[PDB]
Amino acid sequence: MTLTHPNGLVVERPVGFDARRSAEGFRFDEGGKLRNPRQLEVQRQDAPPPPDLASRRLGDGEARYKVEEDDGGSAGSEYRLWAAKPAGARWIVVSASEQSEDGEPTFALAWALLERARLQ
């Protein structure tokens, strides 16, 4: 269940998600044909994160992130996480989207993906 990009990014595919390689990492789409599926993306990135983002300790280190909210539909507002952690002199970036009517999602799967990701 491990995935390795030629650029060195290695990550764990989330259970029940279809995977696809992108230019700098991987895109994941929830399985089946859901009303409101989660989508995740993970990438090796050279450019540092923008300044003045929120932070949280993630596992052993920290991560910078922002959650953006937009009008959605009957399933709730659209939410999108953008998060980055330092990996060497570079960064690993995860974004993730989901609708919720109950406020901001936990984005648990997204954080787990970023947490275990490395540039080996």
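Each residue number is its position in the shown sequence, starting from 1.
For the pair 78 to 86 and 46 to 54, the mean B factor over Cα atoms is greater in 46 to 54. For the pair 95 to 103 and 19 to 27, the record assigns the higher mean C-alpha temperature factor to 19 to 27. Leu109: CA B factor in the lowest third of modelled residues in this chain (values from the PDB entry). In this PDB entry, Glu62 carries a Cα temperature factor that places it within the highest third of its chain's modelled residues.
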